[PDB]
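One structure is given below, encoded as structure tokens.
To keep things simple, chains are lettered A, B, C, D, E and F as they appear, and every chain counts its residues starting from 1.
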Amino acid sequence: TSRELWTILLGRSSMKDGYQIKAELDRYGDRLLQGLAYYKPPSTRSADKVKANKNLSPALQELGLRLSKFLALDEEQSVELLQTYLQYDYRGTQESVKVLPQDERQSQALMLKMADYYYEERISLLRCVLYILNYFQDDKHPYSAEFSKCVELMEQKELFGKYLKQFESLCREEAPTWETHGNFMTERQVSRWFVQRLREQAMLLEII
Amino acid sequence: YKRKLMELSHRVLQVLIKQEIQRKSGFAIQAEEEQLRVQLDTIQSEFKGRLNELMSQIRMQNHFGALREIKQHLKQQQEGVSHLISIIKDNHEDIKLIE
Amino acid sequence: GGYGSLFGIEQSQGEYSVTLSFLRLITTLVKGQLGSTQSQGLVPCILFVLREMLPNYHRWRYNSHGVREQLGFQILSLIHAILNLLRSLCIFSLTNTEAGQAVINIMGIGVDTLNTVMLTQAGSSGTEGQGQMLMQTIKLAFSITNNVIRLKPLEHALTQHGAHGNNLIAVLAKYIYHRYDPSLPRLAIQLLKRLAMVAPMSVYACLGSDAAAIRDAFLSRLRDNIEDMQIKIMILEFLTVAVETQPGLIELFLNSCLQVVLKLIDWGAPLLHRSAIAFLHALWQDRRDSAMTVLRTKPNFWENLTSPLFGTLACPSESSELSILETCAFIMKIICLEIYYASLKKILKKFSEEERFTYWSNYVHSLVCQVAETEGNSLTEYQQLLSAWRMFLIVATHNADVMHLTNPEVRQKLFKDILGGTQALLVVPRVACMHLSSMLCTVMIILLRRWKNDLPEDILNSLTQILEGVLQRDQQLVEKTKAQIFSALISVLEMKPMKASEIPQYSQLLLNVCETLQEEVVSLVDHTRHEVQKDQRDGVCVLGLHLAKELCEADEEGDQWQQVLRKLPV
Amino acid sequence: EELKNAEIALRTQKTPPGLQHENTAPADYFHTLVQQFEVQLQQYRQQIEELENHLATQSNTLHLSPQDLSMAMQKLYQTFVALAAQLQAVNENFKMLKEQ
Amino acid sequence: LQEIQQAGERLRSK
Amino acid sequence: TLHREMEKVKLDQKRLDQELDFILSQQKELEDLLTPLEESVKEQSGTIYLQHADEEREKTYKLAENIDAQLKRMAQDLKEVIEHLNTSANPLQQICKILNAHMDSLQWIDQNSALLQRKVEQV
């Protein structure tokens, strides 16, 4: 989860050894490099896997398909983010998660919080890239050379063009509609997705 | 049979609430019924932590488990109680005869 | 004051640069360490900052966003920095005026509103957004309430169930969800531990249907490996503390927590195992029968519990981790309390065959001697370790067979070592040595009484020098030591009938006995005369009397006794 | 009780199949179901305090006493005395009516 | 003991 | 006389045995009855679905059922506590059991007495 990576780079974590910070950067490297493109749109293969991933309760797979339809994100990534939230962010016991996918009202509330979680996760990844770029040369930061190394690994693979293309894509995305986004994409959700795209544009331009 | 009674009773309550859900709907569950529902949510808001404490002390007790002179006065008082009980029952017979 | 007009005009208009400047000057003045005579002139400004600013700063018109929050934040900063130096006035105001409920509200804005405003920050300033100042204000209110509770209506408001169903303590506990800034949840936990020390309503009660949720959240947050080791030890102390102050929560939490302690007891961190074994010892102390029985059933519980004692620690002169000694102390305490209230037998047979008594006694002696040579920075450590060796040998002698403490060779080694230790400790002329030697004395007394049949000239000379030092001491603190040394000498003479010729310095011995007798006797005389502490004087009197009786029975000719009675009109 | 209740719910669910409405009943039913659990909650808390005082004694319990017998004896004496006074009021009221 | 706890409470109450 | 009362006692055993099986046939016929309630509630759901929208509060009646269940667990735990208290149960505990019996007798006695007083007032 990008929130954890960001909080780690911010030193709010008990991991203080430089090698471990380097290893965490290495693990999150692919996501940091691909940027906002990490969350893939819906794709038939990922959906068929989300159905075929037998480890999932049917109520959970259905809630995940609903989420993937809600945020236009890949079903597999939707399931992953859902498990992350319910195992790390859900403010309820592991018991109520058995019924919340059965209770329509609880399922809808979980869907809303999950959309908020996905947007916030994108923002967190952007903030992590921001900090890594803002401290890559300051020799006073405890993870300075690790930061310069991660930044060099990002630059060697043309972070510039990727961020530019993500900017253009976030600039030319048609507003979310209930037809493509399901029953939940109310006007509140339209404005939310709009403000989210705006924040993505702003952060990408600052990073550039 | 008693466990089955409590279980099928919960089930009957479920079927009752679900029948009162499916049909009576229609912007019809109204003023007096709404008042009932509000009073019920109230009582539900009106303990549990004491109950966890109860189970706690009970586990404590479950693990912790894991005078010729006095009898005379005790039995004398018991005989006195057996003396009083019948006079009270006669009071009740007089009552029923009074009605 | 002239500032009141600017304050009124600012409250009316909606910009507070004048008030904020007043606050900055006041904070610098209160922080610049104005001498004790100078604080009295600023106390009126302090009452102004406490009574009128903090209680209403929420209602004042805010022409722009953030300025209200920063006003409150500067108010809280002044309050705290004053409290971190003034004290009595801030305490009284917070505990008996509106400031209490105001700071309570600042804390009770709820973690959700916090995180929400946190997502509102639109730039790289996720560490420098309006939400950052907000979280600063929250942590300020929390540290404030913490200090106030530490230094002492407010408590009633803090335990009250808010009129909207969310008891403030529940909002506090929910802050365990805050995952960006660990200090906020750590301080909330500190407030929780304090309230559990002081509040009478069960935390489960005001927690309601979220109690189990918060419990599961706590179990996850502790179990996770990226959590702050500081937060880890903090939570461990919280659990131990609830074991002694919060029975309901202490039961709710174990449900399970024990598995975590076992995982940490598999060198993870000395402080972690310390806090854990401490919570365990406390549970075994409070007769947590459910917990005691549940644990004693777990396999290898004694083995993994006692593995730390089987190791070898560095010499007490080196930097030996105090946590190791404190752990071993609480561990021996648990073992004692169990054996008294009652795998274990096998472990005990091992330790006895492992000569663990011998190494433990040698180390305890070295530690006591080291503490003595320093005349009391390693003091408290050696003191606690000596308390451990003491309680251990005591519980041993009470059940010597269970300890396999049948060895008269070991019995005599222990007796001689404790004696000589009392001696060397009582030899230092220049309070710590006193209490230490007194504990050693009580020990040696009970030990000699129990092991008399296993229990001499060198002991006589040593107790002689010891009584000599006890004489050169100020009286008001050496009484018990004199009585102990006397009973010791009595045991030394009763151990073998000896003539005056075999008693080294017998002349000096009887001389000192006579001096002490004379002094204490005249004292008891005056004490009984003023009676126109009753039993102890007479006890010491009869004691010295029988002592001199035996000493004279050793001198049949009385010639030395003659010289004595000639020297003293006894 | 439980059988006939399942019966009534099934019958009301049967009449709806064609066309019906039998709902006020389950409403009063949920009402009584809540009213029941009401007293049981207070019971849970009273048992909480009971176990609390029990274990409070149990930590103190390593000894016993002989006086509690005499205390309970004098208290039960005054108690049955009050009870017989009440029974006397009852017999006298019976006699008042049966003389009327 | 439940009845006995109750009765201790009651006789104490009187 | 022992044989007499033995005949009576065997009659009682047989009759209570039959009555338990009757309660059991009730517990079964009532499961059958509760099942038609379920199928017809399914019919009502599949009909109410054939409408526009707007289900009613279910997240509240479910909470009521949960409150019932938690109270049930509380009563079960109280049964457990009573069982353990007995498991803890010298002349002392005899005195305590006897005093509890005597107090219970005093309680039911005052109950009968008040019943008499109320019958007289109604008289």
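Following the convention adopted for this analysis, contacts are C-beta pairs under 8 Å (C-beta built on N, C-alpha and C of every residue); 3 or more make two chains touch, one makes a residue touch a chain.
Looking at chain D and chain F, the chains in contact with each of them are B, E. Set side by side, the interfaces E-F and B-F show unequal numbers of C-beta pairs in contact, with more at B-F.
Chain centres here are means of the Cα atoms, and by that rule the chain farthest away from chain A is E. The most centrally placed chain, judged by C-alpha centroids, is C. With centres set at the average Cα position, the gap from chain A to chain D is 56 Å. Averaged C-alpha coordinates put the centre of chain C at 49 Å from the centre of chain D.
Between chain B and chain D the centroid-to-centroid distance comes to 4 Å (mean Cα coordinates, whole Å).
In chain B, the residues that touch at least two other chains are 5, 8, 11-13, 15, 17, 19, 22-23, 40, 44, 47-48, 50-51, 53-58, 60-62, 64, 67, 70, 74, 77, 81, 84, 88, 91-92, 94-95, 98-99.
Residue positions 287 of chain C are each in touch with at least two other chains. Among the residues of chain D, those in touch with two or more other chains are 2-3, 6, 9-10, 13, 16, 30, 33-34, 41, 44, 47, 50-51, 54, 69, 72, 76, 79-80, 83, 87, 90-91, 93-94, 96-98. Chain F meets chain E in the complex at residues 82, 85-86, 88-89, 96-97, 99-104. The touching residues of chain C, counted against chain A in their complex, run 119, 122-124, 126-127, 174, 177, 179-182, 212-213, 216-217, 220, 226-232. Residues of chain E that touch chain F in their complex: 1-4, 6-7, 10-11.
Looking at the complex, you find that chain C touches chain B at residues 165, 202-209, 211, 247-248, 251-252, 287-294.
Those residues of chain F that touch chain B in the shared complex are 20, 23-24, 27, 30-31, 34, 37-38, 41, 44-45, 47-48, 54-58, 60-61, 63-65, 67-70, 72, 74, 77-78, 80-81, 84-85, 87-88, 91-92, 94-95, 98-99, 102, 105-106, 109, 112-113, 115-117, 119-120, 122-123.
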